[PDB]
Amino acid sequence: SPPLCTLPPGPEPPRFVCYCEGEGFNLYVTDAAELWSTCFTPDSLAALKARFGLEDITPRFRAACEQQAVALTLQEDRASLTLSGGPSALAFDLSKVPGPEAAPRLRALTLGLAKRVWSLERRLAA
Amino acid sequence: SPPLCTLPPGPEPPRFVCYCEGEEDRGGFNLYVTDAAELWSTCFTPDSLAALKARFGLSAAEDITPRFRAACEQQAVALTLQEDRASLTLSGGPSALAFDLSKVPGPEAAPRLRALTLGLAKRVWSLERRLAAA
């Protein structure tokens with residue numbers, strides 16, 4: 001079950017979603033109109049783990065999502081996503097994803113959430 | 001929590017979401033179907049809702065939401081697209097209900113989809129939170 005979380009974590013309406021993908025591995029955040037991504041190459045991911053020490057990012061991110069310990073800074077075409085939980089706070093630089101690239105991902109994201117809801121509501125009934 | 005389902009039912013990747021709104025401030029009922037690119041709605045008026053509920057022998061004070069919820073549960077929802085227009089069929093129950101949908105305009109459709117994506121994610125996070133307990 002692909003981890004994600006929403007911001008603000010309050011009862012206020014969520015204004016952003018943060019999620020991640022396969023370990024092509026990446027972090028994403030969107031306000032559902034624009035999409036920001038870490039945009040990792042397999043080289044720069046290792047560089048990141050190395051700067052930070054490792055060797056899997058997903059569990060740290062899952063852990064921050066559960067704790068609602070994710071911090072988000074957005075200015076323009078650049079974002080930063082911060083993970084608190086582990087030994088060192090983790091920060092990620094994100095760049096805005098061009099519309100034609102972001103678009104099929106946003107489409108797939110929404111349709112995928114819905115299938116998760118339908119499915120989760122099934123399971124919960126059991 | 002608000003009823004929805006995805007199509008196609010089964011293991012294949014979803015191409016469409018069906019959901020509904022209203023019948024709580026209580027707002028008029030509408031059904032919405034989307035491929036997450038375009039949005040369609042029942043675009044009900046009070047007259048058209050009465051006329052639909054008559055077309056299939058339902059009453060004015062009757063909520064439609066429970067039957068839609070029942071179609072969603074059983075994945076007994078049928079969809080047609082002329083692109084220009086749509087049909088939705090509910091077969092969750094004893095009697096089938098068919099709906100005419102038209103395209104929702106952009107300046108209204110766009111903010112509804114954003115809210116849908118974000119709302120699902122809240123729902124997912126909350127549901128997945130609510131599930132770990134049992």
# chains A, B, ... in the order shown; residues from 1 in each chain; ligands from 1

$ select_by_dssp --residues "chain A" --states "strand (DSSP E)" --output "NGL selection string"
:A and (4-7 or 16-20 or 27-30 or 35-37 or 70-75 or 78-83 or 90-96)

$ write_last_selection --atoms "N, CA, C and O atoms" --output "compact mmCIF listing (two decimals), in the first residue's frame"
# COMPACT_ATOMS: atom_id res chain seq x y z
N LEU A 4 1.35 7.76 1.53
CA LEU A 4 1.08 9.14 1.21
C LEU A 4 0.61 9.89 2.45
O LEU A 4 0.31 9.27 3.45
N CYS A 5 0.58 11.21 2.40
CA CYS A 5 -0.08 11.98 3.44
C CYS A 5 -0.58 13.30 2.89
O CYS A 5 -0.28 13.67 1.76
N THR A 6 -1.36 14.00 3.70
CA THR A 6 -1.91 15.27 3.27
C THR A 6 -1.57 16.40 4.17
O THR A 6 -1.33 16.21 5.36
N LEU A 7 -1.59 17.58 3.60
CA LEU A 7 -1.32 18.79 4.35
C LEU A 7 -2.37 19.85 3.99
O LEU A 7 -2.83 19.90 2.85
N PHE A 16 -2.50 20.02 0.08
CA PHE A 16 -1.44 19.32 -0.62
C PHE A 16 -1.41 17.85 -0.31
O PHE A 16 -1.68 17.44 0.81
N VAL A 17 -1.01 17.06 -1.29
CA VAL A 17 -0.73 15.65 -1.09
C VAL A 17 0.70 15.28 -1.36
O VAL A 17 1.25 15.68 -2.38
N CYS A 18 1.30 14.49 -0.47
CA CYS A 18 2.65 13.99 -0.67
C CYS A 18 2.68 12.49 -0.74
O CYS A 18 2.08 11.83 0.07
N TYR A 19 3.38 11.93 -1.71
CA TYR A 19 3.39 10.48 -1.85
C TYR A 19 4.70 10.11 -2.49
O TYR A 19 5.42 10.95 -2.94
N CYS A 20 4.95 8.82 -2.60
CA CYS A 20 6.16 8.34 -3.22
C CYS A 20 5.90 7.16 -4.14
O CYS A 20 4.77 6.65 -4.17
N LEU A 27 9.83 11.12 -4.80
CA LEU A 27 8.83 11.78 -3.99
C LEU A 27 7.99 12.78 -4.81
O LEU A 27 8.54 13.48 -5.65
N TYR A 28 6.68 12.86 -4.57
CA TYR A 28 5.82 13.83 -5.27
C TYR A 28 4.99 14.62 -4.26
O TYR A 28 4.65 14.11 -3.21
N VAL A 29 4.64 15.86 -4.60
CA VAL A 29 3.70 16.67 -3.82
C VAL A 29 2.85 17.43 -4.83
O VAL A 29 3.35 17.89 -5.86
N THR A 30 1.56 17.49 -4.61
CA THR A 30 0.74 18.28 -5.49
C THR A 30 -0.41 18.95 -4.78
O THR A 30 -0.94 18.43 -3.79
N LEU A 35 2.21 19.80 -10.09
CA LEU A 35 2.93 18.66 -9.55
C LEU A 35 4.36 19.01 -9.36
O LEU A 35 4.99 19.57 -10.25
N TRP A 36 4.87 18.73 -8.16
CA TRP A 36 6.29 18.81 -7.89
C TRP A 36 6.84 17.44 -7.60
O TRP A 36 6.14 16.58 -7.05
N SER A 37 8.10 17.26 -8.00
CA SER A 37 8.81 15.99 -7.89
C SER A 37 10.30 16.17 -7.51
O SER A 37 10.90 17.22 -7.80
N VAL A 70 5.56 15.60 8.35
CA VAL A 70 6.03 16.01 7.02
C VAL A 70 5.88 17.52 6.90
O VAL A 70 4.80 18.06 7.06
N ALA A 71 6.95 18.19 6.54
CA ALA A 71 6.84 19.63 6.39
C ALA A 71 7.06 20.09 4.96
O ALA A 71 7.88 19.57 4.24
N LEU A 72 6.27 21.06 4.55
CA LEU A 72 6.27 21.46 3.16
C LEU A 72 6.49 22.94 2.96
O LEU A 72 5.74 23.78 3.49
N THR A 73 7.49 23.24 2.13
CA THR A 73 7.75 24.61 1.68
C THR A 73 7.62 24.74 0.19
O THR A 73 8.13 23.94 -0.56
N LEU A 74 6.85 25.72 -0.22
CA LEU A 74 6.59 25.88 -1.62
C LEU A 74 6.91 27.29 -2.04
O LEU A 74 6.30 28.24 -1.54
N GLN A 75 7.86 27.46 -2.93
CA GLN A 75 7.92 28.74 -3.56
C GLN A 75 8.13 28.45 -5.03
O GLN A 75 9.04 27.71 -5.36
N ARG A 78 9.94 25.53 -7.30
CA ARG A 78 10.83 24.78 -6.43
C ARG A 78 10.02 24.50 -5.15
O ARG A 78 9.25 25.33 -4.65
N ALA A 79 10.19 23.30 -4.63
CA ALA A 79 9.58 22.96 -3.37
C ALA A 79 10.61 22.29 -2.49
O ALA A 79 11.65 21.84 -2.97
N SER A 80 10.32 22.22 -1.21
CA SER A 80 11.09 21.35 -0.37
C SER A 80 10.16 20.54 0.49
O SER A 80 9.14 21.05 1.01
N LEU A 81 10.52 19.27 0.66
CA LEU A 81 9.76 18.36 1.49
C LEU A 81 10.65 17.89 2.62
O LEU A 81 11.70 17.34 2.38
N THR A 82 10.22 18.03 3.86
CA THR A 82 11.06 17.59 4.96
C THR A 82 10.53 16.40 5.76
O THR A 82 9.33 16.41 6.19
N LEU A 83 11.39 15.40 5.96
CA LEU A 83 10.97 14.27 6.80
C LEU A 83 11.64 14.22 8.17
O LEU A 83 12.87 14.09 8.28
N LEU A 90 15.40 14.79 7.22
CA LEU A 90 15.66 14.59 5.82
C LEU A 90 14.95 15.66 5.05
O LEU A 90 13.75 15.86 5.22
N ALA A 91 15.70 16.33 4.19
CA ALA A 91 15.13 17.33 3.30
C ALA A 91 15.29 16.94 1.84
O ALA A 91 16.34 16.42 1.44
N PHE A 92 14.26 17.19 1.04
CA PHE A 92 14.28 16.90 -0.38
C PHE A 92 13.96 18.15 -1.20
O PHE A 92 12.97 18.86 -0.92
N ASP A 93 14.78 18.39 -2.23
CA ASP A 93 14.51 19.43 -3.22
C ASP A 93 13.65 18.90 -4.33
O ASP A 93 13.93 17.86 -4.91
N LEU A 94 12.60 19.65 -4.61
CA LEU A 94 11.67 19.33 -5.67
C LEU A 94 11.56 20.45 -6.69
O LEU A 94 11.77 21.63 -6.38
N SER A 95 11.31 20.06 -7.93
CA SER A 95 11.17 21.01 -8.99
C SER A 95 9.81 20.77 -9.58
O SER A 95 9.29 19.66 -9.51
N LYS A 96 9.22 21.80 -10.17
CA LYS A 96 7.90 21.66 -10.73
C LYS A 96 8.00 20.79 -11.96
O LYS A 96 8.97 20.86 -12.68

$ closest_atom_pairs --of "chain B" --to "chain A" --cutoff "7 Å" --atoms "only C-alpha atoms" --output "CSV"
residue,atom,partner,partner_atom,distance
B:4,CA,A:118,CA,6.7
B:5,CA,A:118,CA,5.7
B:6,CA,A:115,CA,5.8
B:14,CA,A:111,CA,5.8
B:15,CA,A:111,CA,6.7
B:16,CA,A:111,CA,6.7
B:17,CA,A:111,CA,6.5
B:36,CA,A:107,CA,5.2
B:37,CA,A:107,CA,6.6
B:114,CA,A:32,CA,4.9
B:117,CA,A:110,CA,5.3
B:118,CA,A:14,CA,6.2
B:120,CA,A:113,CA,6.2
B:121,CA,A:113,CA,6.6
B:122,CA,A:6,CA,6.3
B:124,CA,A:117,CA,5.9
B:125,CA,A:5,CA,6.2
B:127,CA,A:120,CA,6.8
B:131,CA,A:124,CA,6.1

$ residues_around --residues "range 76-79 of chain B" --least-positions-apart "3" --cutoff "12 Å" --atoms "only C-alpha atoms" --output "mmCIF file with C-alpha atoms, in the first residue's frame"
data_model
loop_
_atom_site.group_PDB
_atom_site.id
_atom_site.type_symbol
_atom_site.label_atom_id
_atom_site.label_comp_id
_atom_site.auth_asym_id
_atom_site.auth_seq_id
_atom_site.Cartn_x
_atom_site.Cartn_y
_atom_site.Cartn_z
ATOM 1 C CA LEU B 4 -17.995 5.956 -4.917
ATOM 2 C CA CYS B 5 -16.726 3.201 -7.140
ATOM 3 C CA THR B 6 -14.229 2.802 -9.913
ATOM 4 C CA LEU B 7 -14.565 1.303 -13.281
ATOM 5 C CA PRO B 8 -13.758 -1.020 -14.673
ATOM 6 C CA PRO B 9 -14.518 -3.238 -11.665
ATOM 7 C CA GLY B 10 -12.008 -5.973 -11.146
ATOM 8 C CA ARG B 15 -10.406 4.501 -16.049
ATOM 9 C CA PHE B 16 -13.341 6.199 -14.341
ATOM 10 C CA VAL B 17 -14.545 7.348 -10.941
ATOM 11 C CA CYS B 18 -18.243 7.575 -10.085
ATOM 12 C CA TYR B 19 -19.382 9.464 -7.104
ATOM 13 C CA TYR B 32 -20.631 12.839 -11.153
ATOM 14 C CA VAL B 33 -18.454 10.564 -13.313
ATOM 15 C CA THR B 34 -14.923 11.430 -14.354
ATOM 16 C CA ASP B 35 -11.886 9.907 -16.165
ATOM 17 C CA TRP B 40 -19.675 14.883 -16.255
ATOM 18 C CA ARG B 67 -29.219 3.098 -4.247
ATOM 19 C CA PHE B 68 -26.045 4.552 -5.775
ATOM 20 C CA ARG B 69 -24.170 3.387 -2.703
ATOM 21 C CA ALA B 70 -25.669 -0.057 -3.269
ATOM 22 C CA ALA B 71 -24.575 -0.068 -6.956
ATOM 23 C CA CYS B 72 -21.086 0.982 -5.852
ATOM 24 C CA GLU B 73 -20.855 -1.737 -3.304
ATOM 25 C CA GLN B 82 -20.752 9.589 -26.583
ATOM 26 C CA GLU B 83 -18.059 11.932 -25.377
ATOM 27 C CA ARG B 85 -23.011 12.942 -23.511
ATOM 28 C CA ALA B 86 -23.024 10.132 -20.997
ATOM 29 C CA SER B 87 -25.269 7.493 -19.496
ATOM 30 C CA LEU B 88 -24.977 5.925 -16.059
ATOM 31 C CA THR B 89 -26.882 2.829 -15.017
ATOM 32 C CA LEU B 90 -27.359 1.636 -11.455
ATOM 33 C CA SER B 91 -28.233 -2.025 -10.897
ATOM 34 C CA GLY B 92 -27.378 -2.344 -7.233
ATOM 35 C CA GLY B 93 -31.047 -2.788 -6.578
ATOM 36 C CA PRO B 94 -34.331 -4.332 -7.749
ATOM 37 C CA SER B 95 -35.007 -1.649 -10.355
ATOM 38 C CA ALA B 96 -32.461 -0.080 -12.695
ATOM 39 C CA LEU B 97 -31.970 3.666 -12.813
ATOM 40 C CA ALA B 98 -30.506 5.429 -15.964
ATOM 41 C CA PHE B 99 -28.999 8.938 -15.847
ATOM 42 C CA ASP B 100 -28.178 11.513 -18.552
ATOM 43 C CA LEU B 101 -24.959 13.358 -17.962
#

$ residues_around --residues "residue 48 in chain B" --least-positions-apart "2" --cutoff "12 Å" --atoms "only C-alpha atoms" --output "PDB file with N, CA, C and O atoms, in the first residue's frame"
ATOM      1  N   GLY B  28     -28.767  20.277  -3.663  1.00  0.00           N
ATOM      2  CA  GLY B  28     -29.436  19.375  -4.570  1.00  0.00           C
ATOM      3  C   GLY B  28     -28.477  18.283  -4.996  1.00  0.00           C
ATOM      4  O   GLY B  28     -27.267  18.464  -5.084  1.00  0.00           O
ATOM      5  N   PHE B  29     -29.066  17.131  -5.266  1.00  0.00           N
ATOM      6  CA  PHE B  29     -28.364  15.927  -5.654  1.00  0.00           C
ATOM      7  C   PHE B  29     -27.761  16.008  -7.056  1.00  0.00           C
ATOM      8  O   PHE B  29     -28.418  16.487  -7.985  1.00  0.00           O
ATOM      9  N   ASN B  30     -26.523  15.533  -7.202  1.00  0.00           N
ATOM     10  CA  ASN B  30     -25.920  15.330  -8.508  1.00  0.00           C
ATOM     11  C   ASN B  30     -25.017  14.137  -8.460  1.00  0.00           C
ATOM     12  O   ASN B  30     -24.342  13.906  -7.452  1.00  0.00           O
ATOM     13  N   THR B  42     -24.911  14.987 -13.694  1.00  0.00           N
ATOM     14  CA  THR B  42     -26.328  14.795 -13.921  1.00  0.00           C
ATOM     15  C   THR B  42     -27.004  16.117 -14.168  1.00  0.00           C
ATOM     16  O   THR B  42     -28.052  16.182 -14.816  1.00  0.00           O
ATOM     17  N   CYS B  43     -26.332  17.163 -13.691  1.00  0.00           N
ATOM     18  CA  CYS B  43     -26.785  18.547 -13.747  1.00  0.00           C
ATOM     19  C   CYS B  43     -28.262  18.646 -13.405  1.00  0.00           C
ATOM     20  O   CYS B  43     -29.061  19.149 -14.188  1.00  0.00           O
ATOM     21  N   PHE B  44     -28.641  18.085 -12.264  1.00  0.00           N
ATOM     22  CA  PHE B  44     -30.054  18.093 -11.934  1.00  0.00           C
ATOM     23  C   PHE B  44     -30.638  19.478 -11.658  1.00  0.00           C
ATOM     24  O   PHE B  44     -30.039  20.300 -10.974  1.00  0.00           O
ATOM     25  N   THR B  45     -31.863  19.690 -12.112  1.00  0.00           N
ATOM     26  CA  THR B  45     -32.695  20.758 -11.605  1.00  0.00           C
ATOM     27  C   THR B  45     -33.790  20.130 -10.735  1.00  0.00           C
ATOM     28  O   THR B  45     -34.041  18.919 -10.807  1.00  0.00           O
ATOM     29  N   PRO B  46     -34.432  20.938  -9.893  1.00  0.00           N
ATOM     30  CA  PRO B  46     -35.553  20.395  -9.159  1.00  0.00           C
ATOM     31  C   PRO B  46     -36.576  19.703 -10.056  1.00  0.00           C
ATOM     32  O   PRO B  46     -36.958  18.556  -9.764  1.00  0.00           O
ATOM     33  N   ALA B  50     -37.278  15.577 -10.145  1.00  0.00           N
ATOM     34  CA  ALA B  50     -38.618  15.071  -9.966  1.00  0.00           C
ATOM     35  C   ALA B  50     -39.018  14.213 -11.171  1.00  0.00           C
ATOM     36  O   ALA B  50     -39.595  13.131 -11.018  1.00  0.00           O
ATOM     37  N   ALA B  51     -38.629  14.644 -12.367  1.00  0.00           N
ATOM     38  CA  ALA B  51     -39.058  13.920 -13.555  1.00  0.00           C
ATOM     39  C   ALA B  51     -38.338  12.606 -13.734  1.00  0.00           C
ATOM     40  O   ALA B  51     -38.923  11.633 -14.218  1.00  0.00           O
ATOM     41  N   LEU B  52     -37.085  12.564 -13.295  1.00  0.00           N
ATOM     42  CA  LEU B  52     -36.341  11.329 -13.279  1.00  0.00           C
ATOM     43  C   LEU B  52     -36.900  10.378 -12.227  1.00  0.00           C
ATOM     44  O   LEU B  52     -37.031   9.186 -12.473  1.00  0.00           O
ATOM     45  N   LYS B  53     -37.261  10.911 -11.061  1.00  0.00           N
ATOM     46  CA  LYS B  53     -37.739  10.059  -9.961  1.00  0.00           C
ATOM     47  C   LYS B  53     -39.153   9.578 -10.250  1.00  0.00           C
ATOM     48  O   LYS B  53     -39.673   8.681  -9.591  1.00  0.00           O
ATOM     49  N   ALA B  54     -39.757  10.166 -11.273  1.00  0.00           N
ATOM     50  CA  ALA B  54     -41.075   9.742 -11.696  1.00  0.00           C
ATOM     51  C   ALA B  54     -40.912   8.714 -12.802  1.00  0.00           C
ATOM     52  O   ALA B  54     -41.550   7.662 -12.795  1.00  0.00           O
ATOM     53  N   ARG B  55     -39.994   9.004 -13.712  1.00  0.00           N
ATOM     54  CA  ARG B  55     -39.647   8.106 -14.803  1.00  0.00           C
ATOM     55  C   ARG B  55     -39.366   6.674 -14.338  1.00  0.00           C
ATOM     56  O   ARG B  55     -39.527   5.718 -15.102  1.00  0.00           O
ATOM     57  N   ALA B  60     -40.536  12.201  -4.032  1.00  0.00           N
ATOM     58  CA  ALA B  60     -39.808  13.460  -3.917  1.00  0.00           C
ATOM     59  C   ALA B  60     -38.857  13.502  -2.712  1.00  0.00           C
ATOM     60  O   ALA B  60     -37.738  14.010  -2.804  1.00  0.00           O
ATOM     61  N   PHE B  99     -29.238   7.501 -15.978  1.00  0.00           N
ATOM     62  CA  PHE B  99     -28.999   8.938 -15.847  1.00  0.00           C
ATOM     63  C   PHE B  99     -28.337   9.587 -17.072  1.00  0.00           C
ATOM     64  O   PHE B  99     -27.354   9.048 -17.610  1.00  0.00           O
ATOM     65  N   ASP B 100     -28.840  10.741 -17.501  1.00  0.00           N
ATOM     66  CA  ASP B 100     -28.178  11.513 -18.552  1.00  0.00           C
ATOM     67  C   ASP B 100     -27.211  12.485 -17.949  1.00  0.00           C
ATOM     68  O   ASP B 100     -27.581  13.292 -17.093  1.00  0.00           O
ATOM     69  N   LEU B 101     -25.974  12.429 -18.426  1.00  0.00           N
ATOM     70  CA  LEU B 101     -24.959  13.358 -17.962  1.00  0.00           C
ATOM     71  C   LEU B 101     -24.475  14.187 -19.129  1.00  0.00           C
ATOM     72  O   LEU B 101     -24.530  13.733 -20.284  1.00  0.00           O
TER      73      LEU B 101
END

$ select_by_dssp --residues "range 46-93 of chain A" --states "alpha helix (DSSP H)" --output "list in words"
residues 46, 47, 48, 49, 50, 51, 52, 58, 59, 60, 61, 62, 63, 64, 65, 66 and 67 of chain A

$ write_last_selection --atoms "N, CA, C and O atoms" --output "PDB file, in the first residue's frame"
ATOM      1  N   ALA A  46      21.356   7.750  -5.196  1.00  0.00           N
ATOM      2  CA  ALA A  46      22.414   7.144  -4.428  1.00  0.00           C
ATOM      3  C   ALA A  46      23.202   8.250  -3.772  1.00  0.00           C
ATOM      4  O   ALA A  46      23.541   8.151  -2.603  1.00  0.00           O
ATOM      5  N   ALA A  47      23.407   9.336  -4.510  1.00  0.00           N
ATOM      6  CA  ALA A  47      24.113  10.494  -3.979  1.00  0.00           C
ATOM      7  C   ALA A  47      23.385  11.037  -2.769  1.00  0.00           C
ATOM      8  O   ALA A  47      23.989  11.412  -1.764  1.00  0.00           O
ATOM      9  N   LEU A  48      22.071  11.066  -2.868  1.00  0.00           N
ATOM     10  CA  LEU A  48      21.263  11.509  -1.751  1.00  0.00           C
ATOM     11  C   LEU A  48      21.404  10.586  -0.521  1.00  0.00           C
ATOM     12  O   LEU A  48      21.748  11.056   0.568  1.00  0.00           O
ATOM     13  N   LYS A  49      21.250   9.274  -0.720  1.00  0.00           N
ATOM     14  CA  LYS A  49      21.383   8.305   0.368  1.00  0.00           C
ATOM     15  C   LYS A  49      22.752   8.396   0.990  1.00  0.00           C
ATOM     16  O   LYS A  49      22.915   8.271   2.193  1.00  0.00           O
ATOM     17  N   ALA A  50      23.742   8.621   0.141  1.00  0.00           N
ATOM     18  CA  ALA A  50      25.125   8.720   0.568  1.00  0.00           C
ATOM     19  C   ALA A  50      25.360   9.952   1.419  1.00  0.00           C
ATOM     20  O   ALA A  50      26.021   9.879   2.452  1.00  0.00           O
ATOM     21  N   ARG A  51      24.786  11.076   0.994  1.00  0.00           N
ATOM     22  CA  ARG A  51      24.983  12.318   1.723  1.00  0.00           C
ATOM     23  C   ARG A  51      24.380  12.109   3.085  1.00  0.00           C
ATOM     24  O   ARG A  51      24.842  12.636   4.095  1.00  0.00           O
ATOM     25  N   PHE A  52      23.272  11.387   3.070  1.00  0.00           N
ATOM     26  CA  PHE A  52      22.516  11.146   4.273  1.00  0.00           C
ATOM     27  C   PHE A  52      22.861   9.816   4.995  1.00  0.00           C
ATOM     28  O   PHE A  52      22.496   9.630   6.147  1.00  0.00           O
ATOM     29  N   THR A  58      11.840   4.610   1.548  1.00  0.00           N
ATOM     30  CA  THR A  58      10.399   4.414   1.706  1.00  0.00           C
ATOM     31  C   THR A  58       9.917   4.236   3.151  1.00  0.00           C
ATOM     32  O   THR A  58       8.939   4.869   3.541  1.00  0.00           O
ATOM     33  N   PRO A  59      10.586   3.375   3.950  1.00  0.00           N
ATOM     34  CA  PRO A  59      10.104   3.189   5.327  1.00  0.00           C
ATOM     35  C   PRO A  59      10.186   4.452   6.198  1.00  0.00           C
ATOM     36  O   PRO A  59       9.306   4.650   7.042  1.00  0.00           O
ATOM     37  N   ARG A  60      11.182   5.310   5.951  1.00  0.00           N
ATOM     38  CA  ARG A  60      11.335   6.565   6.697  1.00  0.00           C
ATOM     39  C   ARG A  60      10.196   7.491   6.314  1.00  0.00           C
ATOM     40  O   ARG A  60       9.680   8.237   7.150  1.00  0.00           O
ATOM     41  N   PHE A  61       9.864   7.499   5.029  1.00  0.00           N
ATOM     42  CA  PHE A  61       8.768   8.317   4.540  1.00  0.00           C
ATOM     43  C   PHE A  61       7.400   7.845   5.035  1.00  0.00           C
ATOM     44  O   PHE A  61       6.542   8.652   5.418  1.00  0.00           O
ATOM     45  N   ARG A  62       7.207   6.528   5.050  1.00  0.00           N
ATOM     46  CA  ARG A  62       5.983   5.933   5.579  1.00  0.00           C
ATOM     47  C   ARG A  62       5.840   6.370   7.024  1.00  0.00           C
ATOM     48  O   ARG A  62       4.792   6.861   7.429  1.00  0.00           O
ATOM     49  N   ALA A  63       6.936   6.248   7.769  1.00  0.00           N
ATOM     50  CA  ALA A  63       6.966   6.625   9.177  1.00  0.00           C
ATOM     51  C   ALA A  63       6.623   8.102   9.361  1.00  0.00           C
ATOM     52  O   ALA A  63       5.889   8.434  10.263  1.00  0.00           O
ATOM     53  N   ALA A  64       7.172   8.998   8.551  1.00  0.00           N
ATOM     54  CA  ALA A  64       6.806  10.409   8.689  1.00  0.00           C
ATOM     55  C   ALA A  64       5.320  10.644   8.361  1.00  0.00           C
ATOM     56  O   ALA A  64       4.651  11.413   9.049  1.00  0.00           O
ATOM     57  N   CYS A  65       4.784   9.927   7.371  1.00  0.00           N
ATOM     58  CA  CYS A  65       3.360  10.052   6.995  1.00  0.00           C
ATOM     59  C   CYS A  65       2.409   9.632   8.116  1.00  0.00           C
ATOM     60  O   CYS A  65       1.380  10.276   8.346  1.00  0.00           O
ATOM     61  N   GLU A  66       2.764   8.553   8.812  1.00  0.00           N
ATOM     62  CA  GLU A  66       1.978   8.037   9.930  1.00  0.00           C
ATOM     63  C   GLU A  66       2.002   9.049  11.082  1.00  0.00           C
ATOM     64  O   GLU A  66       0.952   9.405  11.615  1.00  0.00           O
ATOM     65  N   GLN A  67       3.178   9.575  11.402  1.00  0.00           N
ATOM     66  CA  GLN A  67       3.350  10.574  12.465  1.00  0.00           C
ATOM     67  C   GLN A  67       2.797  11.962  12.134  1.00  0.00           C
ATOM     68  O   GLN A  67       2.791  12.851  12.989  1.00  0.00           O
TER      69      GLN A  67
END

$ atom_distance --atom1 "CA of residue 40 in chain A" --atom2 "CA of residue 129 in chain B"
29.3 Å

$ atom_distance --atom1 "CA of residue 2 in chain B" --atom2 "CA of residue 2 in chain A"
22.1 Å

$ atom_distance --atom1 "CA of residue 41 in chain A" --atom2 "CA of residue 24 in chain A"
8.2 Å

$ decode --residues "range 11-38 of chain B" --atoms "C-alpha atoms" --output "PDB file, in the first residue's frame"
ATOM      1  CA  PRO B  11      -8.218  -5.988 -11.244  1.00  0.00           C
ATOM      2  CA  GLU B  12      -7.720  -3.729 -14.262  1.00  0.00           C
ATOM      3  CA  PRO B  13      -6.543  -0.148 -13.820  1.00  0.00           C
ATOM      4  CA  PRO B  14      -9.414   2.203 -13.136  1.00  0.00           C
ATOM      5  CA  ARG B  15     -10.406   4.501 -16.049  1.00  0.00           C
ATOM      6  CA  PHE B  16     -13.341   6.199 -14.341  1.00  0.00           C
ATOM      7  CA  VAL B  17     -14.545   7.348 -10.941  1.00  0.00           C
ATOM      8  CA  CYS B  18     -18.243   7.575 -10.085  1.00  0.00           C
ATOM      9  CA  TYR B  19     -19.382   9.464  -7.104  1.00  0.00           C
ATOM     10  CA  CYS B  20     -22.228  11.736  -5.961  1.00  0.00           C
ATOM     11  CA  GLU B  21     -23.013  14.843  -3.772  1.00  0.00           C
ATOM     12  CA  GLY B  22     -25.779  16.518  -1.803  1.00  0.00           C
ATOM     13  CA  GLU B  23     -28.742  15.316   0.344  1.00  0.00           C
ATOM     14  CA  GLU B  24     -26.976  16.315   3.543  1.00  0.00           C
ATOM     15  CA  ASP B  25     -26.986  23.275   4.366  1.00  0.00           C
ATOM     16  CA  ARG B  26     -28.488  20.631   2.123  1.00  0.00           C
ATOM     17  CA  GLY B  27     -27.701  20.832  -1.579  1.00  0.00           C
ATOM     18  CA  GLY B  28     -29.436  19.375  -4.570  1.00  0.00           C
ATOM     19  CA  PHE B  29     -28.364  15.927  -5.654  1.00  0.00           C
ATOM     20  CA  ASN B  30     -25.920  15.330  -8.508  1.00  0.00           C
ATOM     21  CA  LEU B  31     -24.019  12.338  -9.761  1.00  0.00           C
ATOM     22  CA  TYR B  32     -20.631  12.839 -11.153  1.00  0.00           C
ATOM     23  CA  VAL B  33     -18.454  10.564 -13.313  1.00  0.00           C
ATOM     24  CA  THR B  34     -14.923  11.430 -14.354  1.00  0.00           C
ATOM     25  CA  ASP B  35     -11.886   9.907 -16.165  1.00  0.00           C
ATOM     26  CA  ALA B  36      -9.871  12.463 -14.152  1.00  0.00           C
ATOM     27  CA  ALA B  37      -9.463  14.450 -17.399  1.00  0.00           C
ATOM     28  CA  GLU B  38     -13.062  15.509 -18.005  1.00  0.00           C
TER      29      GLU B  38
END
